[PDB]
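Participant: Encoded as structure tokens, here's the structure I'll be asking about.
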Amino acid sequence: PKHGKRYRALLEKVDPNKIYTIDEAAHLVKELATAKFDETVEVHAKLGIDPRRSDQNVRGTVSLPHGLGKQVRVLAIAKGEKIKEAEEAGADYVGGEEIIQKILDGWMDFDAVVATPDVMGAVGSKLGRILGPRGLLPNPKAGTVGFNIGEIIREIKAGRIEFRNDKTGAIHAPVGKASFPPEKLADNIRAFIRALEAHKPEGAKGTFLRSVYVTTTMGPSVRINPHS
Amino acid sequence: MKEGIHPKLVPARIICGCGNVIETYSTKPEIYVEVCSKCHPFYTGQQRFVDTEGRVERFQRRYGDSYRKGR
Amino acid sequence: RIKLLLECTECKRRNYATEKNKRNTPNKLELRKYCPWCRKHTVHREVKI
RNA sequence: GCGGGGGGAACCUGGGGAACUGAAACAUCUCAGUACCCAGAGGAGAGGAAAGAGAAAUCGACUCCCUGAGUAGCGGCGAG
RNA sequence: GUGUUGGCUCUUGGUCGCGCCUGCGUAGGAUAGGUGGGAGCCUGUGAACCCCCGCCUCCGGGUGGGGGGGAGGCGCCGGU
RNA sequence: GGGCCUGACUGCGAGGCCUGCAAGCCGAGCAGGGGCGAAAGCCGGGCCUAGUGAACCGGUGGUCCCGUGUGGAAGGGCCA
RNA sequence: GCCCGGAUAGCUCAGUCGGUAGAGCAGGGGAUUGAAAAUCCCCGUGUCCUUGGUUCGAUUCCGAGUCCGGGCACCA
């Protein structure tokens, strides 16, 4: 009845009988973990879909405002003015088909790729073969291709966070900071709640949003009740 | 009479039959079985005061016996 | 049931016209043509099993 | 100290309840709930004040006559 | 099947809920079951050094515990 | 024998073949709409006379007509 | 017209809960061989029915297609 984690204390904080609610969550999590540096809490969940028959495969992004500064990097692939707009907006990786070429070579530091319709051909076909079934290639309704490179990367910084059910029907995303801002992580968690909810294909019958949670990169993993 | 119920009347009639179906499924009714029959309950008992019976019939029974059980 | 089976034409969700047809030689291959009452004539298409 | 029982041409209530013939065969169907066995109250019983009608912000117990269409319809939608 | 046709009981199967507690085609300090958060984590072991003991196996190893004490280890970093 | 293409079109037809019934059968020409020529025009299956079956019943693709107070609906009317 | 199973070596058929394709028989090759055998070693071939999506990859996982096998129900 004794286990291998010093986290054990934090675990004692952890009383898994209730599924509680959102704000409560902000508080008890913020309190729960501030180990090295300050917690990088995240939300994670699972939906009653079937990602094999891609007729439910979802992804995109809500706009959890915040202020922001951490999670899911993105590549702004375009040319001059777009590098301008998106880079400034809030980009982690920026350039164009030159960055695309660098990637074909041996540089890929961005989870999501957003390219403007000006270097989109080079991005998708040159880097198509590279970003591939990694989730790193641009798609016209996957919040990944279009001219508003600035607008989308912008929200990435004020604040981005995307969506993409993995193999078994689950998503992950940043919806509030540790010592946060908490309300922020909340709001973005939300925008995602919504756009996701919308995407919800009419091919669902029952408990659709099955598992919905916040988990970090290398860190904690706890479900969140996007209700409260 | 000598076998109705005791706690009311459940001793009589029955006209019936069948043949076959397949309606709001694929068609009309395989119609026919011009037949006739019986249709009834069962027997049992308890005690007045040292020495008794009941006889009666099924359900009506159960509630009833309960009743005079009250007395 | 023989290499003679009956199909019929329907057109781009805007109507359906009929007529039987076959099975033999080029089997499935089933676009064709025809014209529905959709609009004034229109492709149609055909296919429809 | 009471009651019944026993009758009764037809009418009458319920009890149980059939082939013909038709459907130019005939198995659903049909004659029909008809014939007949019965139990029983009458002088007539039957039914008899609405968890009704019907849709108009309408009627108003029950029974029998005329009408309601033989239309509304029931169906090897056929005899009927 | 179900109604009278009540009592205790040995037990065995399917199913879904959680745990393993678990996950070894191959380069992979290494038996990575995914997809999320994602460079930090922790000191009721004062430690990865050592000790046995509990448990699951495809040599290894993974995991859960009792102790033994003297700022240490690992995740990072990189790398496959 | 070669090219290009769907009319083996929907709406329909006047007026005739034969026939008592129902059948089956012949068809200029008007409309929408196309296709073969540049066009004078042919094309509403094949070179023609056999490859055929009422009525019920029920199915499906409509439609978006009907619904037994009203909204809908089981269900259902006409088309294919 | 529904409901289940399969599709693999020439034959009959195994087959990770995604990393290799394997039996049994047929066929062939040597030793043995009054002798037939049995013995006895050794091999041979695979879009794993087809088409796409999931995944770093997939015989396998899911959809769809064709085929064969099973079954169960009606039929004016």
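Structure determined by electron microscopy, 5.0 Å.
Just so it is clear, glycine is given a Cβ too, placed from its N, Cα and C backbone atoms.
Swiss-Prot lists these features:
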BINDING   B:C16, B:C18, B:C36, B:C39  Zn(2+) binding site
Participant: What are the non-local neighbours of B:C39 (Zn(2+) binding site), defined as same-chain residues 6+ apart in sequence with CB under 8 A from its CB?
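Facilitator: Same-chain residues close to B:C39 (Zn(2+) binding site) (Cβ under 8 Å, separated by 6 or more) are B:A12, B:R13, B:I14.
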Participant: Among all the protein chains here, how many other CB atoms are within 10 A of the CB of B:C16 (Zn(2+) binding site)?
Facilitator: 10
Participant: Using the centroid of the Cβ atoms of B:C16, B:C18, B:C36, B:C39 as reference, list every other same-chain residue with Cβ within 8 Å of it (recorded Zn(2+) site), in sequence order.
Facilitator: B:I14, B:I15, B:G17, B:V35, B:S37
Participant: With an 8 Å cut-off on Cβ-Cβ distance and a minimum sequence separation of at least 6, pull the same-chain contacts of B:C18 (Zn(2+) binding site), or say none.
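Facilitator: In sequence order, B:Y32, B:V33 meet the Cβ cut-off.
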